[PDB]
Each structure stands twice: as structure tokens, then as C-alpha cells.
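Notes for the one structure printed next.
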Amino acid sequence: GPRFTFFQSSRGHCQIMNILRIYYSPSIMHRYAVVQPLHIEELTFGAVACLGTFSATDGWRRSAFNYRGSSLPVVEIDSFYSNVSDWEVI
Amino acid sequence: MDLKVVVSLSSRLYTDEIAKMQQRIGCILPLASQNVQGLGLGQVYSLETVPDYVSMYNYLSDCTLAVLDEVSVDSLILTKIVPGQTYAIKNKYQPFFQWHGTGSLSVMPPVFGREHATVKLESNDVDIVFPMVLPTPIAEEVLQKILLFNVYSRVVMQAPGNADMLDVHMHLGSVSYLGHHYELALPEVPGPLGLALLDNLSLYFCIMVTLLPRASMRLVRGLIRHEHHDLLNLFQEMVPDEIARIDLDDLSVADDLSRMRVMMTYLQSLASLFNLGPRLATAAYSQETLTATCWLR
Amino acid sequence: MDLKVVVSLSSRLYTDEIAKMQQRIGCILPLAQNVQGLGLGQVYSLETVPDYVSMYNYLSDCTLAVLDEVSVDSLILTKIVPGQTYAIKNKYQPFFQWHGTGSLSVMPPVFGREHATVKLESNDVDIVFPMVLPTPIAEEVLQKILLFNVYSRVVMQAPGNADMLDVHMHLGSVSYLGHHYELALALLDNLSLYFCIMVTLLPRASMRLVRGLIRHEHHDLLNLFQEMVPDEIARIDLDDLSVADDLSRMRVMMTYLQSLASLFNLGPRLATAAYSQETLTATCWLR
Amino acid sequence: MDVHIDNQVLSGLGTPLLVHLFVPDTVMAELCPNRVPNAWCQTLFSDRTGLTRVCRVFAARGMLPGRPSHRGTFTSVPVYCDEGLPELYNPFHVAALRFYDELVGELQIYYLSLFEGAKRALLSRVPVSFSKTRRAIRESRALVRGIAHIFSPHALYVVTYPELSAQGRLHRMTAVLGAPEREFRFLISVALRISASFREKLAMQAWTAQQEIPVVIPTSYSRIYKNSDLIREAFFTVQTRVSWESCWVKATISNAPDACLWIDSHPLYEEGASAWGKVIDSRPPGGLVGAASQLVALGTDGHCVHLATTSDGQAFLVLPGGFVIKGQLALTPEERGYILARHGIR
């Protein structure tokens with residue numbers, strides 16, 4: 001089943017995808033061993049976009065977003081400068 | 001908002017180099033965040049390493065650039081690059097490039113030789129080489145030329161009867177400009193990161209060769225069998241065997257749409273790969289005094 | 001901060017230019033100021049064929065600007081900074097869509113020459129706006145006109161292998177988010193020329209690069225899993241050809257994929273935030 | 001098991017048939033020490049010498065066999081020789097490989113040593129690599145067998161397994177001398193004509209040293225070397241058992257890449273297989289003074305006889321003691337073209 005994930009990066013926007021492929025390569029080595037695409041789609045494996053920037057002077061401080069059921073830790077981003085860019089496939 | 005970031009040296013800058021740093025005023029230098037080392041490109045491009053122009057490309061693209069405007073002894077003032085401000089940049093680089101095109105600007109590693117961008121600093125244990133500033137079409141042409149050279153010089157070295165080593169160094173060779181041809185600096189081994197870039201490029205290539213729109217094959221066959229175009233000069237009235245053997249099937253339209261869909265998405269991904277290195281949008285480069293208002297795109 | 005740029009008209013107008021500019025008071029327009037070098041009237045000129053890729057490069061070259069108000073002698077417009085925001089309305093010859101759409105394109109008008117072109121007889125500038133249209137709409141339209149030009153030129157080439165009805169049922173119709181729009185028709189001839197010579201040199205280039213990069217790494221799991229991918233017939237002929245013409249074909253391959261790579265990026269990528277449907281305007285900022 | 005499916009799909013242009021191999025790590029240690037290489041196929045003939053087209057072969061080291069009896073690298077031998085029908089075999093037939101990472105070391109292999117071991121062993125779509133599908137299911141021990149290698153008296157391991165009609169027509173193939181003979185006698189012919197050039201150059205001159213290279217020499221040089229003691233110049237011709245590592249042909253292939261030199265070094269009287277074909281530079285800014293320093297260090301090697309070949313058609317012999325005997329190089333361009341085709345491309 002598909003998934004959404006998040007990436008903090010201190011590098012620039014354009015160079016970040018090539019390092020993401022290097023990180024992401026064991027997730028793509030498991031594909032295509034058991035499946036082979038017909039009806040041709042599926043050659044794309046995920047896509048990345050920019051959410052924006054934030055200040056690295058104050059780092060992310062983990063806090064506790066709790067429901068009444070259980071506990072759930074969360075990464076807090078303070079002084080975020082939001083900028084939605086376009087989808088870039090891998 | 002602040003732009004003024006002062007950087008101290010650590011020892012007395014000698015008066016022989018204050019003259020040339022007076023000569024290099026308004027140039028661009030890569031930052032580290034202060035300190036003295038790495039404020040420049042000597043730490044990743046030294047004499048010891050073969051210049052791969054890709055790891056230093058990684059460092060200049062990954063780090064925010066900086067303008068050097070004032071040099072004094074034991075203190076020199078820098079100015080960062082933050083998007084939204086229209087920086088004044090002077091083209092002060094010995095391989096000259098007039099910005100008659102007035103296009104978008106591009107920064108590149110010193111591929112035009114070590115001497116043209118270096119400066120010796122006998123005060124401390126730091127030497128500075130400078131990033132090259134050059135327009136968009138020359139930058140992308142020299143980029144594809146240095147990648148094609150580091151991928152084909154190695155296979156020419158792989159040839160046992162390598163009768164022609166100097167064939168690519170004079171055909172590929174210099175750079176394409178109407179004013180002059182300007183010979184560049186050429187590595188012999190591509191380095192690791194260069195082969196990583198060719199690896200991802202060949203990955204995109206072998207993914208995109210699995211889908212070709214078959215109608216276009218018929219068009220280039222018909223135009224070859226029409227008059228030979230000036231754009232068709234690279235064929236010199238010849239049909240390659242491969243396009244003759246991938247046209248055994250007929251012309252369809254159903255697979256053509258999804259073919260073109262994945263081709264748009266992978267060409268935009270390839271453009272995102274080749275829009276690498278920080279870019280400048282130019283408004284009104286003034287010709288008579290060699291200065292340009294530019295902001296970070 | 002005042003980003004407003006007045007364009008001084010040479011000749012006095014009359015009421016039709018008023019009615020057409022107030023018909024077109026929302027749409028955007030390029031720049032260099034001067035009245036002549038104002039719009040796409042230096043590239044949509046009828047003294048030549050109005051080409052596509054040079055039009056794209058000229059539009060990406062100069063900055064963009066929105067028109068605000070028209071007087072008898074002045075043409076009040078405001079240009080675009082990537083710092084602050086602006087407003088944008090459609091007021092276009094096709095009234096397609098602004099469906100909350102997080103990305104927007106500015107394409108040159110490929111539907112019709114005079115569909116955007118407000119033609120003025122008092123001054124022969126024949127100003128013409130680029131089409132503002134959202135991004136999947138723009139990609140689908142560019143796909144469906146590129147393949148339309150390939151199919152038209154191949155049925156002009158040989159009328160045996162191509163027809164027109166089964167592609168009019170297929171690629172004359174654009175559809176997006178419950179809206180079904182219609183589009184039909186030598187600039188696209190040059191574009192399809194670039195596209196066809198790209199895909200023609202692509203097998204030789206791809207097989208040369210994979211034979212170059214095939215065994216650098218001596219055991220990678222990714223390398224094998226990407227080299228079992230390609231066509232088994234796309235991997236025969238390299239050493240029959242020499243080095244010089246092959247590398248020239250590589251050079252023209254690379255510069256053409258770079259040019260078309262920026263071209264299949266959708267040009268000046270505007271971005272919308274909140275579209276008010278009852279007002280027909282969107283809040284925009286350059287990105 | 002990667003390089004076999006690598007070269008199998010690759011060499012379909014210039015080869016109909018492809019044979020897969022192992023190479024142990026002991027059998028090429030005398031070829032190139034310190035694991036300096038990491039190829040190129042050119043199978044010359046036995047009596048139909050001529051010249052043939054070249055084929056590239058890919059390979060890998062450091063990846064271990066499924067046999068733990070020995071642990072070595074991967075190679076593979078293409079076979080494309082037999083005209084029309086491939087059912088005939090050429091017996092007593094060399095097949096040269098140029099294993100390399102940057103052209104050092106050669107690999108001579110037989111068709112008998114290959115095939116006797118081979119018999120002894122036995123909305124659209126993406127298409128799959130077809131030939132890799134049958135190698136994963138084999139995974140067995142009987143596919144690899146031990147072959148007494150003929151050039152070096154060791155074991156060379158082959159791999160083959162019942163793939164398909166190409167390897168199926170291989171194990172039925174048989175058919176009804178001089179493939180190692182011609183290259184050695186060709187070396188002795190060019191060595192005899194060069195020694196004859198030295199003979200006639202010492203004859204037309206006064207039989208005297210010009211001493212082109214400067215060395216100081218002791219007064220007992222006519223004692224610790226005896227009178228007319230050219231017994232090393234005598235048995236020079238037997239000692240050159242190698243040629244394409246030897247500098248003599250290295251100058252002829254260097255014509256395609258002006259002030260260059262290649263030096264062979266043979267010891268004073270059988271100290272061992274010293275070296276063949278080293279480099280004297282003039283291109284980089286080490287310069288002609290560095291060339292002169294390396295040259296006088298060559299000349300002061302008191303227990304090694306050096307032979308110097310130029311690119312422009314001249315041969316030189318260096319006696320230990322700084323004495324130089326001039327000589328010519330002029331050979332018929334048929335042998336020149338045969339040599340540069342034997343290495344690579346004209």
C-alpha cells in the first residue's frame with residue numbers, strides 16, 4: 001500500500017533528488033522482482049515536491065501530540081516559511 | 001533583513017595580493033555557512049585531486065553563493081545570496097563573455113583553467129579559486145560537453161588500438177561561441193560523482209528507450225525520403241538499421257498517448273536533473289559598465 | 001513599492017480598442033516601456049511564420065506583466081516580481097478552468113493566432129496575450145497538438161498508414177476534472193521536427209551510454225535491475241559507425257534534449273492560491 | 001554469474017556463439033602481479049593467419065565461484081570463427097584475449113582446451129531479458145569442470161549448462177597445426193633481421209663504441225668483462241621469448257600515438273625474466289633532463305643489457321658500460337599492419 005513520507009534537508013532543492021534516489025534505492029530493488037508492468041504505467045516510483053523552508057538556527061524540537069487513547073511523538077517545525085512547489089518524479 | 005556578513009582572516013594579508021583582490025571585486029565566491037578555509041573552492045578542488053567538476057558542482061550548488069565586494073587586510077566583507085534581492089554582479093572573468101544575450105545567468109566550476117580563477121594567499125594556510133560565471137547556453141553546452149568528454153575519453157582509453165586519442169580533444173575540444181573558441185580544462189578520469197551523474201542519466205535513458213512513439217519514426221523516414229533538410233545533415237541521406245527494424249509494426253494512437261505522458265514526466269525529471277547549480281534571472285544588464293542586476297530564481 | 005509601468009501610445013485610439021482592452025483587462029502580457037516592443041507582436045508577426053520555440057524563449061526571456069487599465073493615450077499595466085503576490089482573472093478566448101489549481105502555466109497561444117490577438121488598426125503593433133491555462137491542461141494540450149502535427153504531417157507524407165477520424169475521436173478532445181473541452185486546428189512542424197529527431201537519435205545515444213556505463217560498478221543490484229529493462233532489439237548496432245559522426249550525433253542529441261527539456265517545462269510557472277469562482281479572479285504569485 | 005549474461009546479450013553483433021568461463025587467481029599471477037587488471041577478443045587462426053575483426057568482452061573480479069575448491073574471477077570466450085555452418089571446429093587453434101582495466105597482459109586459449117572441457121561438462125509492454133531465465137534454475141555442481149590448461153599447466157574452470165539451441169549445437173560439434181608456431185618464429189625473424197642490422201652496422205663502422213650515453217667505467221672493464229664478451233649479445237635472441245610485452249613492437253604501435261622511447265631490459269647473463277617494454281617520457285614538464293637522468297640510470301645498470309627502439313624507424317642496443325651500437329628498424333609494412341591488427345585497430 002502506498003505511503004507518504006517527509007524529508008528534512010539542509011541542501012538545495014535541485015540537488016536533493018539525486019541523493020534521494022541513493023537513499024531510496026533499496027525500496028526500488030524490491031520492486032520489479034515480483035511484478036512487471038503491463039498497460040504501461042508504474043515505471044514511476046514516487047514523486048517529490050517542496051513544502052517550503054524553515055530556520056536551521058532553531059532546530060526541530062520533538063513534542064507530544066497525544067490523543068486520549070495513547071501517546072504519539074511529533075516533530076515540531078517552528079518558523080516555517082511555506083512554499084509549495086511542483087511534483088518531481090524519480 | 002541583513003546581507004552584510006563580515007569574514008575576518010586570521011593573519012596579515014600581504015600587500016602583493018591586496019592589489020589583485022582589489023582587481024577581483026564584485027566576483028562570486030562560495031560560502032561555508034566565521035573561518036577562513038572553504039570560503040572559496042580550494043578545499044574540494046585542490047591540485048591533488050583530478051578536477052571532476054562535479055563534487056565542486058555539488059558544493060557550489062548545495063551552498064549559498066556570495067559576492068565579494070570589499071577586501072581589506074585582516075578583514076574582508078562578504079554578502080550572501082538570498083532570494084528576493086536583485087544583486088549587482090560584475091563580469092570580471094578573464095575568459096570574456098559579453099551578455100548581449102541578456103539571458104539567465106549561470107555559475108560553473110573553474111573549467112577554464114586553474115590559473116584564471118585562483119589567488120594565492122600566503123597569509124594563512126588557505127588558497128582561493130573562484131567559481132566561473134557564464135551565460136545559460138554556454139554553461140549548458142559546456143556542461144554536456146564535459147559530461148560527454150568524461151564518458152567518451154574513458155572508452156577511448158578502453159580501446160586497445162587507440163590510434164586516435166587527439167580526435168575528441170580537437171573535435172569536442174573548445175567551446176562554441178561566435179566571438180572566439182575558448183579552450184577549456186579537461187580531466188582524464190571522471191571521478192566517482194561524475195560517474196554517479198552518468199549513472200542516473202543512463203538510468204533515465206534506458207527507462208525512456210522502452211517507449212518510443214512509432215509515428216515519429218515514419219516521419220523521419222519520410223523526410224529522409226523527402227529532400228534532405230539542413231537539420232537532416234547529420235544523417236547524410238542514410239536510414240539507420242535500428243529505425244528500419246523497429247518499424248516492423250504499424251502506426252497506432254492508443255499507446256501513443258500514454259507513451260507521450262510518461263515522456264513528458266520523464267523529460268521534466270531530466271530537466272530537473274539538468275537545472276542543477278544555482279541560477280540567476282537577469283533584468284537589464286547594462287553594457288557600458290559591465291554590471292548586471294540579477295536575483296536568485 | 002510601485003511596480004506600475006505606463007506604455008505611451010503613439011496614436012490616439014477610438015472605442016474598439018477600449019472595448020477590446022476592457023474585454024482583456026485581466027490577462028497578462030510580456031515586456032521588454034515602448035509601445036512597439038510590448039507583446040508577442042514581434043514573434044506573431046505575419047512577415048514570417050510565427051515559430052514556437054523562439055516564441056517560448058522570448059517569453060521566458062523578458063519579464064511578465066499584467067494589464068490593469070486602459071485610457072485613450074495610456075496603457076496602464078503592472079509587471080511581476082517573484083517577491084510579492086498579485087491578482088489574475090481569465091478574460092480569455094477559451095474560458096477553461098481554475099479549479100483550485102496549485103500550479104499554473106503561461107503558454108503561448110496555440111489554439112488560434114487571432115483568438116488572443118487584439119488587432120488594432122490605428123497602431124500596427126497587433127498586441128497579443130499569452131494563454132494562461134493550468135498545468136495538466138497545458139501538458140495535455142501540448143501533447144495533443146504535438147501528436148496532431150506528427151499525424152498530420154505523416155498523413156501528408158503517406159495517406160496509407162494514418163487516418164483522421166479515430167484521432168479526432170481521441171486527441172481532439174481534452175478532459176480534466178469533469179470538464180470536457182475541444183481543440184482542433186507551421187510552428188508545431190518545427191516542434192515535431194525537434195521531437196522526431198530527438199526520438200530518432202535516442203536509440204543510438206541510449207545504447208552508447210549503456211555500453212559506456214554498463215560495467216563500471218562490478219556488482220550493483222540497481223544496475224542489473226535497470227539493465228534488464230530495455231528492448232532486446234534496441235541493443236545491436238554501435239561499432240559499425242565511426243567515432244566522429246557518432247559523437248556529433250551525441251552532441252546534437254544532448255543540446256536538443258536540453259532545449260526540449262526546458263520546453264516541456266511549462267514556461268513561466270505561475271502559482272495560484274485561492275480562486276473565487278463567483279468573481280472570476282485568482283490570487284497569484286510568481287514561483 | 002553476472003558477466004556471462006552480460007556478454008551473452010552484448011556480442012550478438014560480431015559473434016554467433018558465446019562460451020562462458022572462470023579464471024582462477026593463480027593462473028594469471030605471472031601475467032599481471034598485484035591484481036592490476038580487471039577485455040578484447042581476437043581469435044587468430046592456425047594456418048589461415050590473415051586478420052580478423054575484434055570483439056569486446058566484459059568481466060568481473062573479486063566475486064567468488066560456487067565451487068569452494070578454488071576462489072577466483074570471471075571471464076568468457078566468444079567463438080565466431082567457423083565459416084557459414086559452425087559445425088566444424090578448427091583444431092590446435094589459439095584464441096587471444098586482452099584482459100585489462102586500463103592493455104597489460106594477454107590470454108591465449110585453445111579450442112581443444114575449451115570444447116573438450118565443454119563436452120566433458122555436458123498500454124504496451126516491456127520485454128524480459130530472455131537468456132538470464134535459465135541460469136538461476138541450474139545452480140548445480142556438474143556445470144563446472146576442471147580443464148588442464150595448455151599454455152600454463154594449471155586448471156582453468158569452464159561454466160556451461162544446457163541453455164538452448166546455440167549451446168545445444170555446441171556439444172555435438174567435432175571436425176577433422178601451427179597456431180602457436182607462427183608468432184614465435186615471426187619474432188625470431190624480426191630479431192634476426194635486427195641482429196643482422198647490428199652486424200652490418202658494426203661492420204660498416206669501425207667495430208668501435210661511440211658511447212652515446214655517458215658513464216664512467218673502471219680500467220678493469222676489459223677484465224671483469226672478458227675480451228669480446230658478447231655472449232649476452234649472443235644469446236639475446238633466445239631470451240626474447242615474449243614480444244608484445246617487449247618494446248620492439250611497442251614502438252610500431254606507438255606510431256599512431258615523436259620524441260618517445262621504449263626500453264627492453266635483459267640481464268647480464270640470466271638473472272631472470274627482468275622486464276619488457278618500459279617508458280621513457282618527454283611530454284610532461286619532467287622534461288629532457290629527467291629523460292637524461294632515467295637514461296643514464298639505464299646506462300649505469302651494470303648487470304642488464306638494454307635494447308632501445310625509436311618510433312621513426314631506428315633501433316639501438318645499449319651495452320652495460322654505456323656503449324651503444326646503432327641500427328635500423330625498416331620492416332615490411334605487411335608485418336606492421338599484422339602487428340597493429342594483432343593488438344588493435346589500424
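Ordering of the C-alpha cells sets the chain letters (A, B, ...), residue numbers begin anew at 1 in every chain, and ligands are numbered from 1 in the order given.
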Per-residue DSSP, region 69-282 of chain B, filtered to alpha helix (DSSP H), as a PyMOL selection string: chain B and resi 136-157+168-171+192-208+214-224+241-245+254-274
At most 6 Å to chain D: residues in chain B, only C-alpha atoms, as a list in words: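 Filtering chain B at 6 Å from chain D with only C-alpha atoms gives residues 160, 161, 163 and 255 of chain B.
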Would you give me, as a Markdown table, each residue of chain A having an atom within 12 Å of an atom of chain B, along with its shortest atom pair and that distance in Å to one decimal, using only C-alpha atoms and sorting by chain and residue number?
```
| residue | atom | partner | partner_atom | distance |
| --- | --- | --- | --- | --- |
| A:9 | CA | B:62 | CA | 10.6 |
| A:10 | CA | B:62 | CA | 8.5 |
| A:11 | CA | B:62 | CA | 5.2 |
| A:12 | CA | B:62 | CA | 5.0 |
| A:13 | CA | B:62 | CA | 8.4 |
| A:14 | CA | B:276 | CA | 5.8 |
| A:15 | CA | B:276 | CA | 6.5 |
| A:16 | CA | B:62 | CA | 8.8 |
| A:17 | CA | B:273 | CA | 8.1 |
| A:18 | CA | B:200 | CA | 7.9 |
| A:19 | CA | B:196 | CA | 10.3 |
| A:20 | CA | B:200 | CA | 11.8 |
| A:21 | CA | B:200 | CA | 8.9 |
| A:22 | CA | B:196 | CA | 9.8 |
| A:25 | CA | B:200 | CA | 11.7 |
| A:37 | CA | B:210 | CA | 11.8 |
| A:38 | CA | B:255 | CA | 11.6 |
| A:39 | CA | B:255 | CA | 8.9 |
| A:40 | CA | B:258 | CA | 7.3 |
| A:41 | CA | B:258 | CA | 8.0 |
| A:42 | CA | B:262 | CA | 9.9 |
| A:43 | CA | B:207 | CA | 8.1 |
| A:44 | CA | B:262 | CA | 8.5 |
| A:45 | CA | B:266 | CA | 11.8 |
| A:47 | CA | B:269 | CA | 9.9 |
| A:48 | CA | B:269 | CA | 10.6 |
| A:49 | CA | B:272 | CA | 11.5 |
| A:56 | CA | B:33 | CA | 11.1 |
| A:57 | CA | B:33 | CA | 11.3 |
| A:86 | CA | B:268 | CA | 10.7 |
| A:87 | CA | B:269 | CA | 9.5 |
| A:88 | CA | B:269 | CA | 6.2 |
| A:89 | CA | B:269 | CA | 6.1 |
| A:90 | CA | B:269 | CA | 7.0 |
```
Keeping N, CA, C and O atoms, export the residues of the selection given above as a compact mmCIF listing (two decimals), in the first residue's frame.
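Saved file out12.txt follows:
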```txt
# COMPACT_ATOMS: atom_id res chain seq x y z
N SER A 9 15.97 18.50 4.84
CA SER A 9 17.24 18.58 4.15
C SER A 9 17.82 19.97 4.33
O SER A 9 17.09 20.97 4.28
N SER A 10 19.13 20.02 4.54
CA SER A 10 19.86 21.27 4.61
C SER A 10 20.50 21.64 3.28
O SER A 10 21.12 22.70 3.17
N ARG A 11 20.34 20.80 2.26
CA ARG A 11 20.91 21.09 0.96
C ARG A 11 19.90 21.84 0.08
O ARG A 11 18.78 22.13 0.49
N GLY A 12 20.32 22.15 -1.14
CA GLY A 12 19.46 22.89 -2.04
C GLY A 12 18.36 22.01 -2.61
O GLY A 12 18.34 20.80 -2.42
N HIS A 13 17.44 22.64 -3.34
CA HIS A 13 16.27 21.92 -3.82
C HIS A 13 16.60 21.01 -4.99
O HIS A 13 16.10 19.88 -5.07
N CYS A 14 17.44 21.48 -5.91
CA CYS A 14 17.61 20.77 -7.17
C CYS A 14 18.53 19.57 -7.02
O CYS A 14 18.43 18.60 -7.78
N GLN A 15 19.44 19.61 -6.05
CA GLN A 15 20.40 18.52 -5.90
C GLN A 15 19.86 17.45 -4.96
O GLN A 15 20.47 16.40 -4.77
N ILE A 16 18.66 17.67 -4.41
CA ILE A 16 18.21 16.81 -3.32
C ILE A 16 17.61 15.51 -3.86
O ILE A 16 17.54 14.51 -3.14
N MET A 17 17.21 15.50 -5.13
CA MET A 17 16.53 14.33 -5.67
C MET A 17 17.52 13.21 -5.96
O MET A 17 17.20 12.03 -5.81
N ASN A 18 18.73 13.58 -6.35
CA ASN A 18 19.74 12.58 -6.70
C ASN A 18 20.27 11.87 -5.47
O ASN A 18 20.66 10.70 -5.53
N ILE A 19 20.29 12.56 -4.33
CA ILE A 19 20.64 11.89 -3.08
C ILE A 19 19.45 11.09 -2.58
O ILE A 19 19.61 10.04 -1.92
N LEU A 20 18.24 11.55 -2.90
CA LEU A 20 17.04 10.81 -2.51
C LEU A 20 16.96 9.49 -3.25
O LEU A 20 16.50 8.49 -2.68
N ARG A 21 17.43 9.45 -4.50
CA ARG A 21 17.46 8.18 -5.23
C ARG A 21 18.45 7.21 -4.61
O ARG A 21 18.19 6.00 -4.54
N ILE A 22 19.58 7.72 -4.12
CA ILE A 22 20.60 6.87 -3.49
C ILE A 22 20.07 6.29 -2.18
O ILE A 22 20.27 5.11 -1.88
N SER A 25 16.98 3.69 -3.19
CA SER A 25 17.32 2.51 -3.98
C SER A 25 17.02 1.13 -3.38
O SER A 25 16.68 0.22 -4.15
N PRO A 37 5.39 -4.40 -15.29
CA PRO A 37 4.26 -3.56 -15.68
C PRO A 37 3.76 -3.83 -17.09
O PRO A 37 4.53 -3.83 -18.05
N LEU A 38 2.46 -4.06 -17.19
CA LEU A 38 1.73 -4.06 -18.45
C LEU A 38 0.84 -2.83 -18.39
O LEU A 38 0.80 -2.15 -17.36
N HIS A 39 0.20 -2.52 -19.52
CA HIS A 39 -0.84 -1.49 -19.63
C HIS A 39 -0.25 -0.13 -19.26
O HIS A 39 -0.81 0.64 -18.48
N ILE A 40 0.88 0.18 -19.92
CA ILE A 40 2.10 0.69 -19.29
C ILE A 40 1.88 1.91 -18.39
O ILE A 40 1.51 3.00 -18.83
N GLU A 41 2.13 1.68 -17.11
CA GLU A 41 2.16 2.67 -16.04
C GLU A 41 3.33 2.23 -15.17
O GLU A 41 4.25 1.56 -15.64
N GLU A 42 3.35 2.70 -13.92
CA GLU A 42 4.00 2.02 -12.80
C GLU A 42 5.54 2.10 -12.87
O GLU A 42 6.23 1.78 -11.90
N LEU A 43 6.10 2.59 -13.96
CA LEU A 43 7.54 2.79 -14.03
C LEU A 43 7.99 3.94 -13.13
O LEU A 43 9.13 3.92 -12.64
N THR A 44 7.12 4.91 -12.90
CA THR A 44 7.38 5.93 -11.88
C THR A 44 7.27 5.30 -10.51
O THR A 44 6.42 4.43 -10.27
N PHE A 45 8.18 5.66 -9.61
CA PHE A 45 8.14 5.12 -8.26
C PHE A 45 8.29 6.27 -7.27
O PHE A 45 9.37 6.55 -6.77
N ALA A 47 7.10 10.45 -6.12
CA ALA A 47 7.38 11.79 -6.61
C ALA A 47 7.58 12.71 -5.41
O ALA A 47 6.98 12.51 -4.35
N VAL A 48 8.43 13.71 -5.59
CA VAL A 48 8.81 14.60 -4.50
C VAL A 48 8.41 16.02 -4.88
O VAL A 48 8.31 16.34 -6.07
N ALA A 49 8.13 16.85 -3.88
CA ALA A 49 7.88 18.27 -4.06
C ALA A 49 8.43 19.04 -2.87
O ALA A 49 8.80 18.46 -1.84
N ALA A 56 17.25 26.88 10.30
CA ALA A 56 18.10 25.86 10.90
C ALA A 56 18.80 26.35 12.15
O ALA A 56 19.49 25.57 12.80
N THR A 57 18.63 27.63 12.50
CA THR A 57 19.21 28.15 13.74
C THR A 57 18.48 27.59 14.95
O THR A 57 19.09 27.25 15.97
N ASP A 86 6.20 22.21 -7.37
CA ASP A 86 5.60 21.23 -8.26
C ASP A 86 6.14 19.83 -7.97
O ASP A 86 7.18 19.65 -7.34
N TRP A 87 5.41 18.83 -8.47
CA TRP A 87 5.77 17.44 -8.23
C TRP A 87 6.89 17.01 -9.16
O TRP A 87 6.80 17.17 -10.38
N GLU A 88 7.95 16.46 -8.58
CA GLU A 88 9.09 15.96 -9.32
C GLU A 88 9.22 14.46 -9.11
O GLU A 88 9.43 14.01 -7.98
N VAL A 89 9.08 13.70 -10.19
CA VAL A 89 9.12 12.24 -10.10
C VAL A 89 10.57 11.78 -9.98
O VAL A 89 11.51 12.56 -10.18
N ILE A 90 10.75 10.51 -9.64
CA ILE A 90 12.09 9.94 -9.55
C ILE A 90 12.32 8.98 -10.71
O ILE A 90 11.38 8.39 -11.23
```
Counting only C-alpha atoms, the option among C:229, C:169, C:202, C:43 closest to residue 57 (chain C):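 The answer is C:43, which sits nearest to residue 57 (chain C).
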For region 240-254 of chain C: contacts at 8 Å, only C-alpha atoms, fewer than 3 positions along chain excluded, given as a PyMOL selection string: (chain B and resi 144-145+148+167-168+171+234) or (chain C and resi 198+201-202+205+237+257-258)
Residue list for chain C near chain A as an MDAnalysis selection string, 7 Å, only C-alpha atoms: chainID C and resid 103 221:222
Residues of chain C within 6 Å of chain B, counting only C-alpha atoms, as a ChimeraX atom specification: /C:83,154,196,206,230,261,265
DSSP-assigned strand (DSSP E) among region 31-227 of chain B, expressed as an MDAnalysis selection string: chainID B and resid 65:72 75:80 86:90 105:108 118:119 128:129 132:135
Can I get the residues of chain D within 9 Å of chain C, each with the closest pair of atoms and their distance in Å to one decimal, using only C-alpha atoms, sorted chain first then ascending number, as a Markdown table?
```
| residue | atom | partner | partner_atom | distance |
| --- | --- | --- | --- | --- |
| D:2 | CA | C:219 | CA | 8.1 |
| D:3 | CA | C:215 | CA | 9.0 |
| D:6 | CA | C:215 | CA | 8.6 |
| D:9 | CA | C:232 | CA | 8.3 |
| D:10 | CA | C:235 | CA | 7.7 |
| D:11 | CA | C:236 | CA | 8.5 |
| D:12 | CA | C:236 | CA | 7.2 |
| D:13 | CA | C:236 | CA | 6.1 |
| D:58 | CA | C:215 | CA | 7.4 |
| D:59 | CA | C:215 | CA | 8.1 |
| D:60 | CA | C:218 | CA | 6.1 |
| D:61 | CA | C:218 | CA | 7.9 |
| D:62 | CA | C:218 | CA | 8.9 |
| D:63 | CA | C:219 | CA | 8.6 |
| D:126 | CA | C:229 | CA | 7.0 |
| D:127 | CA | C:231 | CA | 6.3 |
| D:128 | CA | C:228 | CA | 6.8 |
| D:129 | CA | C:228 | CA | 5.6 |
| D:130 | CA | C:232 | CA | 8.7 |
```
Exercise: residue 81 (chain C) partners within 9 Å, only C-alpha atoms, chain neighbours under 4 positions left out, as an MDAnalysis selection string: (chainID B and resid 84) or (chainID C and resid 3 63:64 85 285:286)
Contacts of region 281-292 of chain D at 9 Å (only C-alpha atoms; same-chain gap of 5+ positions) as a PyMOL selection string: chain D and resi 213+259-262+297
Residue neighbourhood residue 97 (chain B), 9 Å, only C-alpha atoms, exclusion window fewer than 4 positions, as a ChimeraX atom specification: /B:91,93,133-135,179
One-decimal distance in Å that lies between CA of residue 330 (chain D) and CA of residue 299 (chain D): 25.2 Å
Shell of 9 Å around residue 112 (chain C), only C-alpha atoms, local chain residues under 4 positions omitted, as a count of residues only: 3
Top pick for closest residue to chain D, considering A:73, A:35, A:65, A:58 and counting only C-alpha atoms: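 Closest to chain D, using only C-alpha atoms: A:35.
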Nearest-residue call for residue 117 (chain D), choices D:188, D:131, D:43, D:19, using only C-alpha atoms: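 Answer, going by the shortest atom-to-atom distance: D:19.
Picture a line from CA of residue 24 (chain B) to CA of residue 79 (chain B); it runs 14.7 Å.
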